[PDB]
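Trainee: Here we go, the starting part of the complex in its complex frame:
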Amino acid sequence: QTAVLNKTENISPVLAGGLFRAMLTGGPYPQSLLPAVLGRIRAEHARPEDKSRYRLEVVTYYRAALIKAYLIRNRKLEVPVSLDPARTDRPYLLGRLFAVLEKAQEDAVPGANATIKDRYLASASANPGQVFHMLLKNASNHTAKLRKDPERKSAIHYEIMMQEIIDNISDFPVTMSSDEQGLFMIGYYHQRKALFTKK
Amino acid sequence: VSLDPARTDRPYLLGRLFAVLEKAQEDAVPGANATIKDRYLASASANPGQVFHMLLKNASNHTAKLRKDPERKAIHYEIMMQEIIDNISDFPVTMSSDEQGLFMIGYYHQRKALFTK
Amino acid sequence: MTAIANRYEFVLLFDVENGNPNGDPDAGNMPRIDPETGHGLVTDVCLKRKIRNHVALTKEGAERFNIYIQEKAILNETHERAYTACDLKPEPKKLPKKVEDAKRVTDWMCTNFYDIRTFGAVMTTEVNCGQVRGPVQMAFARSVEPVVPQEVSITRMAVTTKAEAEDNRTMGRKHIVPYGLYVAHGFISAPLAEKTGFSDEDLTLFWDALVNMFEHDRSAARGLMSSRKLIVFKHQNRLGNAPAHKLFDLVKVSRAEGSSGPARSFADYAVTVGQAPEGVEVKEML
Amino acid sequence: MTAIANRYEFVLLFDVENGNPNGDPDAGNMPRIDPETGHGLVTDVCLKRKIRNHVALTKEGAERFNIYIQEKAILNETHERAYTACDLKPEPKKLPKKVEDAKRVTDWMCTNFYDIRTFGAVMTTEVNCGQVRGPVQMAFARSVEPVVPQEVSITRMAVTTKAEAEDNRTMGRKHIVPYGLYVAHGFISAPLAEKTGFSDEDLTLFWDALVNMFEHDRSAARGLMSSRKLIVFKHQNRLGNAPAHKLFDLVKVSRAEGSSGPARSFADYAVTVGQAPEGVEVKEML
């Protein structure tokens, strides 16, 4: 999963040895793992031309599992196995918010080629304070369209989510560290699964 | 974290003021197709000095309808506006990105309070 | 290819009006900035591209001035030309394991292509021709003050595909900088020129390209951009006589008397140059 | 080659601006950092390479001033030369019996390789020639304040190798450090010098190399780097008169009282030097 292209030829020997050693002995993982996965996450851009009509995900099951394991072992943090609505960590909260924004957009404009995930995933995780205002501003246009629908479809529900999540934040940070970006990714992954999971 | 009535950060106060104005308009003309949030949200956050002098006119125009009915819900808004503006000194001509983020945060904090019991 | 015999430093100034000097592919398309202070940034590769374009336009494929054509080219097909010209047969991933012919291909490349002779390149691909370092180098350009981008909304009369809106049909966006002034540094090394053969006439052509860079670069999003100043420091021997950072300090820029808040023209700033150490010659009429 | 007769220690400062001082082979090419605190790092191995390059450039292969670790050389061949010069046969992974002492070849190498004479080397390979420890040592450099690297994305309008899937574009990314300040420590010992003949002229050349190191190292990735300060402590006898850690404490770096926010130039810091004990003299003008 960490190869440049998903092919065994590009696997770094250092990781090959270190992962096996740590697995057998229970020692700390190699320190280069987290940046290695983050690079692959931030570089990939799948497109609809792939055979599967729905576009490919980049935050896959395996990568999330790896990040969780790394954070638990080396950094001594705590991470739930599924969404926890009482976390209150700024990276986690931002990761949660991104998912609802994308969900609203993709409902407002079906079949778009370029979603916010295709244009803002990297910078938003790196420098939250520089991009988030634009995303919030566009969310207004996206939501208002649903409101005027005869059925009103969603509109109230998404705004309720946005209000409740935001209530625990005070300011947008200017910069974040690597582990903070890992928390951001985990938060995004959990929230995404929370949707699509009433029926 | 929740609405802090003592923060006194100018973008925060502006964000609160915008939410209260939107609430007043919604009360005045139910079911409007277009709302100030759609018309002005982009402009106000970037250049406050250009639009607020206009929003405040419609504010009074709306409150006039309510105060002219037996609907007494209608000096509450005027009291809130007096409280909020009491800390401002001047309107910025332009604002930075992080300041706009703080503006949005203040807006959302304010909005939630209005819908509590 | 007689090389130059001195060390050089130089400074360049330019500004923009109502345009986007360089967009950021990873954040919508905003101009590049420093996230911590709001100063603008421009990558050197942009300036290198502009210089290459100007040289190609002015020389038009003359002998020994091929630009290593980059637009839609395939590089290995160019390396194989060097291999065949020297009558060698390329190996799967290695230079010929015979020293004389190994450098002959590299010398051939260096002779024919101007941009290789000036900036260098990497050619260790499946067909191998070696590496080059390049006498000329440049650093990132940085603005003198924070900039405040503006975002403007646009509309359109038509749609591209089968959208069932049915009149007004679409909306767009732009980002522009009302005004800004930038500064750039650079260096030239004599020992490397002695290896690639970078010569004086090339230096003259380089000065000309720097002066006339933007004249041919008009575009819908660029706006108006132009150059304003150019200062050159020439050392008196093959190795410098002073540290560069001391030299760069002799140039100072600040607001004129009528600051009047926002700057909107080159007249709002003042530029001055100090006195150089005895071992260095300073010429600024360029 | 008369050896020095005192113990020395020194400190060095240098800057970086919009560049990558030392890339990490593993984490893509991110600059090295301490994961726990975010401070920057630079391996000592990096500097010795620069010193070697400067010596090679300035002396140009003068006799008794060759360098042992040369570009893409084969070491075992160099070892065999010593046996040829001293005129005795080598053995697989063994040294000659003391009838023709191995000291002959050891001296023959120490006498005419500067880098071996200064830093030492490991030479017990298939053709064995012994070991050396080197009278000059230096430790890792660290930045005074945490740094915040940032990443840049770029594009190229050409393709290399038959990307038939497209004739089309390609993209890459690069990393930089906005600004940073670093410190380094080093030592010199007399007893080890006496075993190799490290003399005074070598020491003067070493000081010069330290002072002028970076001026010849420009590249597309390093940006602008320069040296700022150099303080030398000299002991009055063959063995020191105070612990090292006490001396290094005499130099303190702190932010200028007026500066606020992130640092962006050397003017944001202040440097001060204390008073040394009786047995040591502090010389600084370097």
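Mentor: Good, I have the coordinates. Numbering: from 1, shown residues only, chains lettered A, B, ... in the order given.
Trainee: Go through the helix or strand where residue A:63 lies and flag the buried ones.
Mentor: For residue A:63, the element it lies in under DSSP states H and E is helix A:61-70. Neighbour-count burial for helix A:61-70 flags A:63, A:64, A:66, A:67, A:68, A:70 (criterion: 16 or more other C-beta atoms under 10 Å in any protein chain shown). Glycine gets a C-beta too; all of them are placed from N, C-alpha and C.
Trainee: can you check stretch B:53-63 too?
Mentor: Buried, per 16+ other C-beta under 10 Å, within stretch B:53-63: B:55, B:59, B:62, B:63.
Trainee: how about chain C, which residue sits the furthest from its center?
Mentor: residue C:166 (48.5 Å; C-alpha atoms, centre = their mean).
Trainee: try chain B
Mentor: Max distance from the centre of chain B (C-alpha atoms, centre = their mean): residue B:70, 24.3 Å.
Trainee: and stretch A:6-14 with chain D, contact?
Mentor: Yes. Stretch A:6-14 comes into contact with chain D (C-beta under 8 Å from any C-beta of the partner chain), by way of A:12, A:14.
Trainee: related to what we said a few turns ago, any idea which of the buried residues of helix A:61-70 is the one closest to residue C:134?
Mentor: Minimum distance to residue C:134 across the buried residues of helix A:61-70 is 38.9 Å, recorded for residue A:63 (C-beta to C-beta).
Trainee: Contact partners for that closest one?
Mentor: Going by C-beta atoms under 8 Å, 6 or more residues apart in numbering or on different chains, residue A:63 touches A:1, A:37, A:40, A:41, A:185.
Trainee: Tell me the one of the residues you listed nearest residue C:136?
Mentor: Nearest to residue C:136, judged by C-beta to C-beta, of those is residue A:40 at 35.2 Å.
Trainee: extra chain here, label it DNA strand E:
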DNA sequence: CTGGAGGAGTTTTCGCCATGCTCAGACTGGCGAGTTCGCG
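Mentor: With DNA strand E added, the chains above now look like this:
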């Protein structure tokens, strides 16, 4: 003065392979109710 040898130090002979793919979606969700001061 020469021997025999016990111990310290160096040289020779030993025997001589292998580990193996994979593979896909979900959903559709309506917040609440409020009152301003007052002479010379």
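Trainee: The buried residues of helix A:61-70 again, this time with DNA strand E added?
Mentor: Result for helix A:61-70 [16+ other C-beta under 10 Å]: buried residues A:63, A:64, A:66, A:67, A:68, A:70.
Trainee: Tell me the secondary structure of residue B:103, please.
Mentor: Following DSSP: H, G, I helix; E, B strand; the rest coil, the label given to residue B:103 is helix.
Trainee: so what's residue C:160 up against?
Mentor: So residue C:160 contacts nothing (C-beta under 8 Å, 6+ apart).
Trainee: Apologies, that question was intended for residue C:176.
Mentor: Counting by C-beta under 8 Å, 6+ apart, the residues that residue C:176 touches are C:18, C:19, C:20, C:149, C:150, C:152, C:223.
Trainee: Enumerate the positions of the host helix or strand of it that are buried.
Mentor: Take DSSP H and E as the rule and residue C:176 turns out to sit in strand C:170-188. Residues of strand C:170-188 classed as buried by neighbour count (16+ other C-beta under 10 Å): C:175-177, C:179-188.
Trainee: can you check stretch C:251-258 too?
Mentor: residue C:251.
Trainee: For it, C-alpha coordinates in PDB please.
Mentor: This file holds the C-alpha atoms of stretch C:251-258, laid out as PDB (Å, rounded to 0.1, in the frame of the first residue of the first chain):
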ATOM      1  CA  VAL C 251      20.700  47.900  -1.800                       C
ATOM      2  CA  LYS C 252      17.800  49.300   0.200                       C
ATOM      3  CA  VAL C 253      14.200  50.000  -0.600                       C
ATOM      4  CA  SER C 254      11.600  52.000   1.400                       C
ATOM      5  CA  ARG C 255       8.600  54.100   1.000                       C
ATOM      6  CA  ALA C 256       8.900  57.600  -0.600                       C
ATOM      7  CA  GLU C 257       7.900  60.700   1.400                       C
ATOM      8  CA  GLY C 258       4.300  60.500   0.200                       C
END
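Trainee: Which neighbouring elements make contact with the helix or strand following the helix holding residue A:63?
Mentor: Beyond helix A:61-70 on the C-terminal side, the first helix or strand identified by DSSP H and E is helix A:90-108. On a contact count with 3 or more C-beta pairs under 8 Å, 6 or more residues apart in numbering or on different chains; DSSP states H and E, helix A:90-108 meets helix A:132-147, helix A:155-166, helix A:178-194.
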